[PDB]
Structure formats: structure tokens, C-alpha cells
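A lone chain, given as C-alpha cells: the form deposited in one PDB entry.
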């Protein structure tokens, strides 16, 4: 399998490695766009032939996310690496992830890998710094109850405050300081950018030190965006 979950809050690293091939990633996002560099490393001493990487999207996913790539070099020498550049365009908010399928010939045999690519909605965030009075005026403007999504869950990791802070920044929103009157809480704000619509997002993360649990709350201008962002961010703490 792959390292998908490690890429919600970070962009660079090893996505997958078997005993023949290592797949590395480097990505950068801006506005509703991104560019992902995929690195294919041959760990063996023999060249791969008919090297064919294919990006597969559910058809519902294709209406929301446009991926473009140019053909990759089809021969990968042993001990070498080849690069693929994926240009991304977010059309509308989405939950599904694309699947990278890699097919190649090695030592006379057919090799087939499939792994989930880490393109998730939070990658299209613009951080938005704001003052306490601003944050609360916007938080108290929600009207539709499905635009608020709450999750109370057990902590997977120790409540180490600086690590928590750095995860919130890697997720993509701004981390607002001394906005919540409770100093143990964490507050964030940003905008999710898409071709068709720009979605305003607020978040609140409340630790319970005795129970080693958290309550996360998302308030956004779109129900599905509140839902996807809450499920993604809940898995980080």
C-alpha cells in the first residue's frame, strides 16, 4: 500500500516503495491550482521497459478536478530516476482521490502497481489572518446547520502544543493566536479556492486533557467542504 495519510499536512516525501521501485513526490499549490512532481526510482540493476503511469479518476471526480500530464520516459535504467509533472486544476470541492496506476516490464515480466495520489481539498487553502472580533462575527453568521460539522475523537498523539500548531499550519489555514478566550484551544481561518466557487472556512480545536480527546468544529460556507475538511483534519491528532 502507500503513504497517503502522511501527505494531508505535508507535500514532499516517499509515497510508495516495493522491492523494485520507489515513488517520491514534491508538490506546490497556489490559488485553485497545483503542480506535483512524481519521481520514479529504479532500485534494481536492470532497466524497466514500457514504463506507463496512468492517472485514474472516478468520473464524478473528473468533473471537480482536472489533471494534465505529458508522457513520461518509458525506459528507466537501473539505479536511475524519471520525473513526471502533473498540473492540477481544482474545479469544485471533492472528496475522492485520484489513483496512480504504474505498469512496466521488468526482467521479462509484467509488473503492476496502484497507489492513491495525495491531492486533497485542503491543498487549495489560502490562509487568512484575522482579529478576534472579526473571527467571531464571521463564526456567528452561520445559519444552515449542515454547514457546521463536529467530531469528538480520541487523541492518537500526545497533546504536544508545538506539534499540534505545526500540523494546523501544514493543513493550510491560518493559525490565529489569542482569539479563543480559552488558552488551551486552537482557532484557524482560511479560504478554499476552486475554479467555480471560493469557500470561507473557520475551525476550532478543543483538547480535553483528562480524557485525551478532542472536539473539532468546522464552520464553512458549504456543507460538503465542512464535512471533507473535518474528516481530513480529525485524523491528524
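Residue numbers count along the first chain shown, from 1.
Keep in mind that the form deposited with a partner chain bound is missing from the display, and what follows is about it.
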Handout entry: Position in contact with the partner chain when the complex is considered in the bound PDB entry, options 152, 85, 91, 166, heavy atoms within 4.5 Å
Key = 152
Completion exercise
The stretch from 97-105, 130-138, 113-121, 67-75 that lies within 4.5 Å of the partner chain in the bound PDB entry, judged by heavy atoms, is 130-138
Practice task
Mark residue 207 yes when one of its heavy atoms lies within 4.5 Å of a heavy atom of the partner chain in the bound PDB entry, and no otherwise.
Solution key: yes
Exercise for the section: Answer for residue 187 alone: is it within 4.5 Å of the partner chain in the bound PDB entry, judged on heavy atom distances? Expected result: yes
